[PDB]
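# Topology and contacts: notes
Residue-level listing of the chains:
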Amino acid sequence: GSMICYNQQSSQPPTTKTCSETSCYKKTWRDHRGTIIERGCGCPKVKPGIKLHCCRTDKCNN
Amino acid sequence: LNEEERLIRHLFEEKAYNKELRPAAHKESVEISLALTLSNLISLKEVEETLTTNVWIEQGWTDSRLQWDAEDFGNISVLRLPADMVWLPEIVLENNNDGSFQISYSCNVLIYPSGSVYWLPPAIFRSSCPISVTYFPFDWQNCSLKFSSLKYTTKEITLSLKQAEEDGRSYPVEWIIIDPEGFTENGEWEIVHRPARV
Amino acid sequence: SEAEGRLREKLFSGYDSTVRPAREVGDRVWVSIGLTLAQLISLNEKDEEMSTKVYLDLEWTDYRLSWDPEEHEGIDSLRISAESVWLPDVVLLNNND
Amino acid sequence: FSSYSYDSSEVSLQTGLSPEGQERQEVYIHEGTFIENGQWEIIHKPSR
Amino acid sequence: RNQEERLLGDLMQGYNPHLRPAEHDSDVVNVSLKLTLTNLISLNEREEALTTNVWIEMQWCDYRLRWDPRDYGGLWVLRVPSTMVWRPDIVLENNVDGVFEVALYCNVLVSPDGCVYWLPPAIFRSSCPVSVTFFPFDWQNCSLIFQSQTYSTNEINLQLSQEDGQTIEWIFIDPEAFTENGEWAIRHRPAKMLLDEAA
Amino acid sequence: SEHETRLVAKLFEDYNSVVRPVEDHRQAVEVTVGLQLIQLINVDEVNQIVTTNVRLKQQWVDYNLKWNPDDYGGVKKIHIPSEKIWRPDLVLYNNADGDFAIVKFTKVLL
Amino acid sequence: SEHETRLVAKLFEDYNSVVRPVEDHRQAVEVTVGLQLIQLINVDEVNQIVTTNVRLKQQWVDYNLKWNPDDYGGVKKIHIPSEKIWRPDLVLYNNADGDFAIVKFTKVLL
Ligand SMILES: *[C@@H]1O[C@H](CO)[C@@H](O[C@@H]2O[C@H](CO)[C@@H](O)[C@H](O)[C@H]2NC(C)=O)[C@H](O)[C@H]1NC(C)=O
Ligand SMILES: *[C@@H]1O[C@H](CO)[C@@H](O)[C@H](O)[C@H]1NC(C)=O
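Cut-off values and rules
Each chain's residues are numbered sequentially from 1 according to the written sequence, a convention that need not reproduce the entry's numbering, and residues without coordinates are excluded. Chains and ligands are labelled by the order in which they are written, letters from A for the one and numbers from 1 for the other. Only a portion of a larger assembly is displayed here, and every value given applies to that displayed portion alone. Neither water nor hydrogens contribute to the side-chain values; these are computed over all heavy atoms in the structure. One heavy atom suffices: a residue is near a molecule or strand as soon as one of its heavy atoms comes within 4 Å of it. For the purposes of these results, a polar contact is taken to be a pair of N or O atoms within 3.5 Å, where, inside protein, one atom must be able to donate a hydrogen and its partner to accept one; residues adjacent in sequence count only when each atom of the pair is a side-chain atom. Here the open area of atoms and residues is found with the Shrake-Rupley method and a 1.4 Å probe, where only the protein chains shown may cover a residue. The contact criterion used throughout is that any non-hydrogen atoms of two residues lie within 4.5 Å. Once two parts are put together, the accessible area they lose, assessed with a 1.4 Å probe and summed over both, is termed the buried area. By convention in these notes, a salt bridge is any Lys or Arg side-chain nitrogen within 4 Å of a carboxyl oxygen on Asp or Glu. Working definition: helices are DSSP H or I runs of at least four residues, strands are E runs of at least two. Numbering for both runs from the N terminus. Residue classes follow a fixed rule: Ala, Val, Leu, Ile, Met, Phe, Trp, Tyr, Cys and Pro count as nonpolar, while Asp, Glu, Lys and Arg count as charged, and any other residue, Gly among them, counts as polar. Strand pairing follows a simple DSSP-based rule, namely that at least 2 bridges must link the two strands. Inter-axis angles, ranging from 0 to 180 degrees, are taken between N-to-C directions of lines fitted to C-alpha atoms, where helices are fitted over the stretch in contact.

Residue and element names in this part refer to chain E. What surrounds ligand 1 is the set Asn30, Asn157 and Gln159. Between an oxygen atom of ligand 1 and a side-chain N or O atom of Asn157, the distance comes to 2.9 Å. Look at ligand 1: alone it shows 590 Å² of surface, and the protein chains cover 14% of it.

Taken together, the contact pairs 23 residues of chain D with 28 residues of chain C. For the pair chain D and chain C, the summed buried area comes to about 2,400 Å², and 60% of that belongs to carbon and sulfur atoms. Counting the surface chain D buries against chain C, the share from its top three residues, D:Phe1, D:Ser12 and D:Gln14, is 27%. Counting every contact that joins chain D to chain C gives zero salt bridges. Our enumeration of links across chain D and chain C arrives at 17 residue pairs in polar contact. The set of elements that each furnish at least two residues to the side of chain D that touches chain C consists of β1 (2-3) and β2 (11-15) of chain D. The element that contributes the greatest number of residues to the side of chain D that touches chain C is β2(D), accounting for five residues.

Right, let's get into the interface of chain B and chain F. Taken together, the contact pairs 31 residues of chain B with 24 residues of chain F. At the boundary of chain B with chain F, total buried surface from both sides reaches about 1,900 Å², with 57% on carbon and sulfur atoms. When the area that chain B buries against chain F is broken down by residue, the three leading residues are B:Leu1, B:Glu4 and B:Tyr105, summing to 31%. In this structure, the connection of chain B to chain F is made through one salt bridge. At the boundary of chain B and chain F, one finds eight residue pairs in polar contact. Of all the elements in the fold, those that place two or more residues in the side of chain B that touches chain F are α1 (2-14), β1 (30-45), β2 (50-62), β3 (79-82) and β7 (122-128) of chain B. With five residues, α1(B) is the single largest residue contributor to the side of chain B that touches chain F. Looking at the side of chain B that touches chain F, its residues break down into 13 nonpolar, twelve polar and six charged.

Here we take up the arrangement of the chains. Contacts between protein chains span ten pairs of chains, and they are most numerous for chains C and D. The two units chain A and chain E never meet; even their closest C-alpha atoms stay 32 Å apart.

Turning our attention to the sheet that holds strand β4 (residues 35-41) of chain A. Residues and elements named next belong to chain A. One open sheet accounts for three strands, arranged β4-β3-β5; its pairing is antiparallel. Every interior strand has two partners, whereas the edge strands, β4 and β5 (51-55), have only one. This sheet shows a mean twist of 15° between the axes of neighbouring strands, independent of strand direction. Two elements, strand β3 (residues 24-30) and β5, share five bridges in a ladder whose sense is antiparallel. For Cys24, the partnering residue across the bridge sits in β5 and is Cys55.

It is worth spelling out the sheet that holds β2(D) at this point. Taken in spatial order, the three strands line up as β2(C)-β1(C)-β2(D) in an open sheet, and their pairing is mixed. Only two strands of the sheet have a single neighbouring strand rather than two, namely β2 (49-59) of chain C together with β2 of chain D. For this sheet the average axis-to-axis angle between neighbouring strands, irrespective of direction, equals 40°. Across five bridges, the pairing between strand β1 (residues 29-44) of chain C and β2(D) is parallel. What sits directly across from C:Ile33, in β2(D), is D:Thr15.

Residue and element names in this part refer to chain B. By the secondary structure assignment, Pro113 is in the loop between β5 (108-111) and β6 (116-119). Separated by 83 residues in sequence, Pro113 and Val30 place their C-alpha atoms 18 Å apart. Once residues lying within four places of it in the same chain are set aside, the contact partners of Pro113 are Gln67, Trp68, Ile76 and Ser77.

See the structure below:
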């Protein structure tokens, strides 16, 4: 069992990788300079104040 | 170096920039936009009644002398200058209790072709936070960081909050910015509210 | 402001900030001193020392820094860095540190 | 508070008049923004 | 002062204090070093810091500061600010508080042969790892490591000072003027010059 | 000697410490950063502060500080005060209560 | 203050603060030193350090800072910064952990 996730940063050109997990995640937060979006595998535990979106479909984190 | 040095020589030697003069007419006020980022909360000493903070203060203002058209300088769109070369509003913490009014590290300013000046000095500040001991050790405290200019009055500068944008709509940043990913909570103090006011 | 710059250059041509303003020899400089207590920080008894935060209020007259406002587009006040003008050497005499 | 170097023949001192004026002899405390010390109460605050 | 001012003006013509004195290439500036301890202030064990009051005697020679006394009315010595001459940037490497440098930048004494004498005083907080096994009946071996911050062994030759025929391989202590520390007695006080051969 | 003096006179005749030292403003400055930890001074658990003694080695190339050694008596390396030149503004981002940037401006080897 | 401005400009136009203020280099500078004790702050018996508040009155004649008052409107006494003149380098030899010399450069009465 495998899956295709996205992993690019923010508004960079899209890239993909092979997740061995059953979810792909998008992680959004905002520091003083602007908004950061991190994409990857699984469903990580995030610190408070961070938007998280986990999804169980191919190419689902964008 | 060529366009950078050319632009510096155009702005500061050819135009004869004077850092002692405000970037405004004599009867006009300069709009300073302020935001605060709390890097980390060091301590609140109860006996000494002192809040210690690491804060990055973001100052923005338009200087109409420090502007250029990018097409005459090789499409250069940003310049980094020492803070000692430009006019500064000289924003200080009036609430300090140790005499350290000023920011800690006087970093470079960033100037842009529009004449906008961006400055993000970091600072370590010791301020007076009066302590309410009534419900100790189940107490909560209300500390403040009061920023103003002792060199200029309301006629000379006008303080305001930073205006950020979301989906093309502007809003004033009415809170202390804390980076959620990089913030480490203080060992004994949790933060409940972070408002900001003019 | 350009007129502010010309006024500043006019006032500080030949101005020495280390020289007390006295138009005649024997003239006194009348300095008026007040104080505003922002915060009474502490009274440390073991050190016998009172810590305060204050704002001084120092008023005097420098005859060298006068101008006609109608000759400079109505400018009647200036904000000049303290190192550029003659200051009275007012200090707290009974400081403990 | 005094001039460290200049003597009375050069710099003459006087008490600072407040916005009230009228030959004040007092330390000025702005009553709105002044938080009293938790250990100390200011009974008198003159100036001479 | 006219001869002194004349000599200073003639000496400071074209003098760069930030350039090491070398008359020919591959010249190494010899620097002799002596340390006088005036009082051992303390040894804080919880910070592992030895606080000491020292006077460091540095002697080197600068060919650019040479002059003939007969051309200047028999002037045989000149007191110059230490900022205006070239200096070997000797620092206490093992400092615990971040103060590498001397406390007071006094005058140097330049002689007609160009040989410069400098005796700045210093307060030094140095790192002393405390061996705690026999506390409070313990003895400690504290170190003060002095080296150039910027120059290498092909540029300066840092050595111990030589008095009349004998190298001073110890911390000098005034017998008359020394007041013993109230908690520490100095049993040995040697000095060494270390140069790793493979460095 | 006179050759080191002549060299330093020429290198800092038309030098600008504010300008990034590259030929073209569109290329970045390449800085190599290394950290040497000399001593772990203290770990303080209450305020969550680690104080350490470090050396912060920084290596880059200044385009405007080149010379031919044959025109200066064969001098290949010199020592310059760091205040005279452009430097990277390295800052400890997670600084707690210490210094954000370098305050001890020692000499550079050029 | 035009007279005093003229005098101060005249006095420090050819003045060198490094060498001693003596017409001939073979005569010594006569300095009168007095100590005023304002406050005995502390006696530290452990570290054996006495902390005191003092004023260090130093008096001496500068050969090149003389003038005729008739050429300057009758100005006989002035106050000048101490950093721009030669001074004695008075050091406290038995300084424990404070300042070896004067660090607060108040005004000179001339
Ligand atoms: C610089 O110091 C070195 C020692 O570190 C001196 O070298 C020796 O000096 C003795 C006495 O003059 C000679 O007998 C030896 O032959 C020297 N050895 C070497 C390494 O040559 C050296 O002379 C000193 N230089 C100056 C200019 O005084
Ligand atoms: C900058 O970019 C514009 C894009 O239209 C181009 O026309 C121009 O030649 C470029 N260079 C300069 C120096 O303006």
